[PDB]
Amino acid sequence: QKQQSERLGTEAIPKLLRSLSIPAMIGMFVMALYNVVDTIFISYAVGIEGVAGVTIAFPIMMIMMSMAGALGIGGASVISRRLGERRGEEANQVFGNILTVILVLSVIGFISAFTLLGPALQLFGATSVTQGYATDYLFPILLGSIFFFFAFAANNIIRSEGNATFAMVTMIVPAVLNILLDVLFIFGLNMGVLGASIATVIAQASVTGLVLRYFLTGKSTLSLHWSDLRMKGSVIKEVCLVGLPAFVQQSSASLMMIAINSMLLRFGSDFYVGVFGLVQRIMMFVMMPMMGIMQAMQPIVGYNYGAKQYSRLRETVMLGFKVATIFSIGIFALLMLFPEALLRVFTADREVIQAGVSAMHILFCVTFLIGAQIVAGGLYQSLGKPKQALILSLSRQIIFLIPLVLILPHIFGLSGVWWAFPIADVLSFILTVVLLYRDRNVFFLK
């Protein structure tokens, strides 16, 4: 029991979404610029050698942040199921008792910096040029580690409460920084990769600072305590609980895209990695829409399961779905009428826009069914019974995917790239359908 600050606890709920969503929308989008507007730099004061350094370097940042991420979500979906179901103090407790396993690992990374770095780095596509670039990319971030975790944690918890607004600003602001901060090193000085890393730490420093305020200084939205508050909850079990399927979902993609990246180092030493790199943030970029809408329910379908207005959550979960679908068909078409002009960033051969958009064609007559397929994820995860979300993640990500690529690549062709996907996802979607008529209780309304 606590003081629900201006937790928008007030059930104003389909503008709860409206208002809740867009902030996501916003900062999500923003930082995505920083990528873009960062990397276009690394493609300058360095070439395409480092652009890949970066990209081989990438999955190892993901391996840390994944861990934090569970941690973050773990908290999110605890802390939501514990307001509404109004244990407002259990909350307080949790927040910090995460901060713990955080500050534990914020060291594990700092250690592994001075340790496991090169070891794993060299461990696959080690082009003696890019080898250093990834190294000089990766060393700082780990020094490093700390600011990094806190802030995705905080930004997850601050959603998990309600401050999508100050979220925005956990985003908007390393963002703007890390531009001018890059410019400052990268091109401004000459500390290239080596230094656009140190930029993107001095980013995560000067947030961390600010997050403390929205948890210490006029500690806003809610229960937020600092002296002995936390130690080592038996709730650590309770968050990992939740996070369990969360940090699979990364380690899944992540630990499978080390593969497809270093396997793209044996053929295309570099030419091709910064076209992995490239074709990603147009997946993610126009994933946002979806993602953002998701993160609106994150905590909405949080304080209404609790013990609260069940009646008013099926409302969410319907709308949840309802909207995502229209942006499902959306992305989809705009991902199949404009797959030309976005292959005009890819302007090369008249066979580049041939099979180069052959894949980019019916590879994605799946998109439109991805809307649900991904909403169903929050509403097993805000609702801290991620045991079916577990079940669910492993379906999409591995157990149907790889076994489908592998069962096409065992001689079936670069069609083994195609079918392997469009048809994988459908099964995940059909599965997901079943996981909801599984619970005539998320949606116990239509």
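So that there is no doubt, residue numbering starts at 1 and follows the sequence shown.
Q: Which has higher Cα B-factors on average according to the PDB entry: 22 to 30 or 382 to 390?
A: Mean CA B-factor is higher for 382 to 390.
Q: Could you settle it for me: does 358 to 366 or 165 to 173 have the higher average Cα B factor in the PDB entry?
A: It is 358 to 366 that shows the higher mean C-alpha B-factor.
Q: Using the entry's values, work out which of 347, 249, 200, 77 has the largest Cα B factor.
A: Top of the list by C-alpha B-factor: 347.
Q: If you compare 319, 71, 342, 205, which has the highest Cα B-factor in the entry?
A: Each of 319, 71, 342, 205 was compared by C-alpha B-factor; the highest is 342.
Q: Relative to the other modelled residues of the same chain, rank the CA B-factor of residue 315 and answer lowest, middle or highest third.
A: For residue 315, the deposited C-alpha B-factor lands in the middle third.
Q: What third of its chain's C-alpha B-factors does residue 415 belong to: lowest, middle or highest?
A: Answer is highest: the recorded C-alpha B-factor places it there.
Q: Please rank the C-alpha B-factors of the chain's modelled residues and tell me whether residue 185 sits in the lowest, middle or highest third.
A: Middle third, going by the recorded CA B-factors of the chain.
Q: Hey, what third does residue 92 fall into on Cα B-factor, ranked over its chain?
A: Ranked within chain, residue 92 CA B lands in the highest tercile.
Q: Which third of the chain does residue 282 land in by C-alpha B-factor: lowest, middle or highest?
A: Answer is lowest: the recorded C-alpha B-factor places it there.
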